[PDB]
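This is the structure I want to talk about, given as structure tokens.
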Amino acid sequence: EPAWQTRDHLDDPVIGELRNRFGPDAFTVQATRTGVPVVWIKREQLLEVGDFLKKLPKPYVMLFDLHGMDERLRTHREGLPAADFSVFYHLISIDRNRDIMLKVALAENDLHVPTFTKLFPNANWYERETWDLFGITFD
Amino acid sequence: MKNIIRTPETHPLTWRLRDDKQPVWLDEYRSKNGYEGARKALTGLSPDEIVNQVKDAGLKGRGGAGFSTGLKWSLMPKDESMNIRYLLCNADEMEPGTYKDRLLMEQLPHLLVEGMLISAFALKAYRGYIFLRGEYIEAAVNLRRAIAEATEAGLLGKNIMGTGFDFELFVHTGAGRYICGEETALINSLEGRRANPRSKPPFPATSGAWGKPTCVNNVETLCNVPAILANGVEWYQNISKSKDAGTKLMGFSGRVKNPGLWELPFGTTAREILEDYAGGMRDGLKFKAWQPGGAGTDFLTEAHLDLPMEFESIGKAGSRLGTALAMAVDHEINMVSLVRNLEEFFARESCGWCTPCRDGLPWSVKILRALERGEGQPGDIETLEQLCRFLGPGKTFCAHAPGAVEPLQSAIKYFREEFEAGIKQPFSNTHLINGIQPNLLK
Amino acid sequence: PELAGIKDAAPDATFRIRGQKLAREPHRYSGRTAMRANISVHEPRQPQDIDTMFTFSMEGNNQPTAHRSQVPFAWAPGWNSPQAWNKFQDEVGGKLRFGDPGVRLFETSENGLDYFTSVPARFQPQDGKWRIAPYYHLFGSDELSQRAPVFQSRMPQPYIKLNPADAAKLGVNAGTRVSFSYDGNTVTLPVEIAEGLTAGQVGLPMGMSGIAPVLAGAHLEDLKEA
Amino acid sequence: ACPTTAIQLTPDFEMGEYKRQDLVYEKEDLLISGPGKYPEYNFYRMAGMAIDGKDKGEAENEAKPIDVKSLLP
Amino acid sequence: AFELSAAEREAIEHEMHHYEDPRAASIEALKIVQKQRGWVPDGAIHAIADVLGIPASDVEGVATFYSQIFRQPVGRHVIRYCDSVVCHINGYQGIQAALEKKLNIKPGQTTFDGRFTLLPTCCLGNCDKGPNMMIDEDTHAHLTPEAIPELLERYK
Amino acid sequence: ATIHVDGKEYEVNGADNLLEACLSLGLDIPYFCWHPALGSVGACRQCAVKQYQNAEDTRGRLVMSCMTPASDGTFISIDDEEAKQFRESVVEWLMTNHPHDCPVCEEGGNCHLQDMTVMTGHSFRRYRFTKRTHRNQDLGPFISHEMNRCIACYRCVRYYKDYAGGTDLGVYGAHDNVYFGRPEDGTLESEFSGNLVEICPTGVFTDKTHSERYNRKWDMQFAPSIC
């Protein structure tokens, strides 16, 4: 299998842990070529999903990235939630030597995301950059 | 056998053929049991009865495809408002190695006239067109004289034998193209257009020449049917113990002791024809290859010479019967040059309609010229194999290209070593720019 | 009130698809910083289009799956030809997606008009007068088309058509000049023979230089050989 | 991106002028009198268009035009 | 300045009578013009289009599609040697070299007397009779290279 | 009617063509000889897909999307191995004798042959022999003629004769030396000869008025206007 293949990464044990914790529903796994498992988490579950990832036996300890995206002009959105905007969090676990991506969908009327600096303190500048470059507000 | 005896019971086609190679005119034709089948058809048989008679008699088409002509005559529309039906005789044959219709057109024209009469009454077609070629000229003169004699003697005109069936026959001499032999391209050429073929499943039996129901049948196909309606049906099924009923004008051609044309029943092995009727190879030739049908079918070795000359028997041998006129290739002739000539004919004689034939047969010609001159490059035999796989049935608009690339397929499959020996110099498609580093890959 | 439907052909200038305007030019619009450099190296500001829904730069929208009816140009990724219009339609070869530009503005009346009783009489030719018949060439009967320099090789030479019987009566052969007077101006045009024309008529190409389109149906006098 | 090797980037760097308007180099400030980093290449010897000094079928790997009315099949 | 003769026009109309369309008689009209004048000139296309009714583009396409409709001036006699496979096995290259040596021309070219025009042919349909070549509606079979000047010198 | 493309269900019309049904769904099938306003022929063989008989089938058969009806229950595949490599072979055959004059061509970024050569993913060349050329014609003040660019998909003659009713354009020649044009040199007297500029997928029939003062498609500032 080529390394550039569009993989869904449901064989990742972190996906199984998320299915055991928050149920088989309430998050949508996206098959990308990023090489990492990408899960669409709902907005109100984001803090507890991050808290669960921070308390794994080999937890995801570093917030690698945190930024927004404008989904308004994206035509090819198959297997994705109805999003006007999105905020993606890229998290790295070194002990697992893996990484996960957490995408939160947003509408035009309510561009409000719960803050992530109470879990990862490096999220301050990333959320400031998301509020600067996009219209996404962090509560 | 060393002496050939032709009787009407075993040779329905050429038993009345003259030994001095002279045409059999109307008086000699009717003397040797002429127009009896036309009489029975036009007096005592309904057209649907004749169509069902030909259908259960198993007159498969002798053009080269082997489709049953009863099915072709039964797919005419049942609407009585369509009374402008047409009958067409594919007298144009431009396939190399095929000369079967020249004999029946030069020295037995009234047999073709009677067959067209019977088929036209069976199909209720008021006009018949013998689509000839520009090279069959003595055949054209004989056909026109036979038509004149028939329309003088009360046949081929109006109120034929008091029946009230009006049928009239024309001879349309073509201006010369190999594609014109295909039935839809025959229709387009008869309409005086460029002879590009048409697309099925709109068939000529439902919408052909000028939008009217027509059918196109070979000279042999139209020439077997007077024997069927003059001698019998079960007689026609009982002249050969094979599921390919009837007799076919078989014969070998190409550097044999006696090249010719003999009417034989189906199921006769090609080795029998070659070693008995054709006389075998001459003194010094080893018979390294042969084709069942001339130039359209694919080559077979000595092991396939023992198979009976049937449609299905040669079908399972990775081949097809075709026109059943065998083509013999000896050991002294390079397969590369022979397939080069085949591809040159198919490239320059194709029509200009669809892409793969148009732009793959000249590429095969150029590759085979490079193999001839010893200028072959690595990647040419694989190119030819890919070309053969991509020029098969369904990939092109008509069946010219599969019959073109079957000899290439058999030449690659059997005589591969000469094609490998045609490659001597290494691959070089690009040349230097002297300022740009080339993308040399390993 | 009868022109009230013209605010339905296109939306206002404050119409945006997802907040942005629609681009007049493709995204690969080349040479922006050297286009005006021969007269000013300082790049000027882009022209502001306050009248309509379009921006003069490429910073707009020409997506095929965009809720609009008016498309400046058809371009799709992988479809750079004029065959990119099939991406802009719901079904190809049919109507454009999200409707069509322009509204009908007309509704069929419930009842029709009356039978027009005014039936004209036959055209009787009269001596000394000629009825002018329009011809209306495609490349020469439009006021804005003749000014195009490429049409001037396509329009026919200024001519005048005559019947064979009328030319025999005048004694003029085809290709030679004839003179006719209209508005007190005697002008000379070369004749040509029209087989399908009728007697007592003369044919002219309207819209050309010196030949007005309103000359159709008018009379003509003094058809004399020049 | 030049398919004719017409635009080239010399090893000369001694530029810098007094006015920015004079930094816009026109055609007469760019076209040099010889072939540069790609000396022997000529694009029109590959193109199939009718050219002054190059009739149809005179380019590289290109055959002479067979007439539509020609007698050969 | 092409002009159809009376016999040509009567033949074209008589062939028009045999079909449902004059377009079907286009090919035979081109053959009549070719038989009468050796080849089909440029004005003959417009003449056929005028007598028939079909456009001249169709007539030109028919004339340039079929091989034996000559749109170039040919010689008084057209030699047509078989280019196919059975005549290749029996040997057509020897008789082609003999024709090229006797006439000092190439295939597709005509002699400087305007007498012979050498051309290949798809297939003569007489494969069982050795090498084949047709000159002026006369076929010739069982050919040898040494019999070529004898067979060529009996023509005008 | 419903169809199955690449094992995916689609609801298309049953009375229309399969190529136009697939193109209406946003799927990409290359095509040359088909036009939405001119019907469908087999002058190219570019729209080839692999059709199966039932749901469980492996071999298939290469059919034409523009000549197969989009009936209920068809199972076609567009981007399998065989159809993709066959379409690559067809663009290779069309581009076997094609002049190396794209930058000096009038089409450039407007050319359909470029898009369908890139779409089939054919970049490497293994044809090392000679090309094919034709003489050009003077078609009048509006249509420039460059017959060497032609791929013989017969769309121009079909439009000009069947659709436009013109009596100037036509097909001449034979197998490979095929020609598309007028029998002589002269102006196309039909009033719709300008549509041949965009009907032709190649640079044969081009705009002479745009040949003078020429720029590429991406350099054009467009607007929707009324004539």
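By written order: A, B, C, D, E and F. Residues from 1 in each chain.
Basically, a residue touches a chain if its C-beta (ideal position, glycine included) is under 8 Å from a C-beta of that chain, and two chains touch if they have at least 3 such contacts.
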Given subunit D and subunit E, the chains that contact each of them: B, F
B-F against A-C, pair bridged by the larger set of C-beta contacts: B-F
Core chain by centroid distance, with centroids computed from Cα atoms only: F
Where subunit A and subunit B are represented by their mean Cα positions, the distance between them in whole Å: 70
Whole-Å separation of chain centres (CA-atom averages), subunit E against subunit F: 36
Geometric centre distance via CA averages, subunit F-subunit C, whole Å: 30
Centre-of-Cα separation between subunit E and subunit C, whole angstrom: 51
Per-residue multi-chain contacts in subunit C, two or more chains: none
Set of subunit D residues in contact with two or more other chains: 67-68, 70, 72-73
Subunit B residues counted as touching two or more neighbouring chains: 194, 348-349, 351
All chain pairs that touch each other: A-C, B-D, B-E, B-F, C-D, C-F, D-E, D-F, E-F
Residue ranges of subunit F touching subunit D (in the complex, touch as defined): 99-104, 128-136, 146, 148, 172-174, 177, 179
Contacting residues of subunit E [partner subunit D, same complex]: 64, 67, 70-72, 74, 107-108, 117, 119-122
Residues of subunit C touching subunit A in the complex: 18-19, 61, 63, 65
Subunit D - residues contacting subunit E, complex: 67-73
Subunit F partner contacts - residues on subunit C that touch it in the complex: 24-26, 28-31, 54, 56, 70-73, 75, 78-83, 86-87, 89-93, 101, 138, 150-151, 153-154
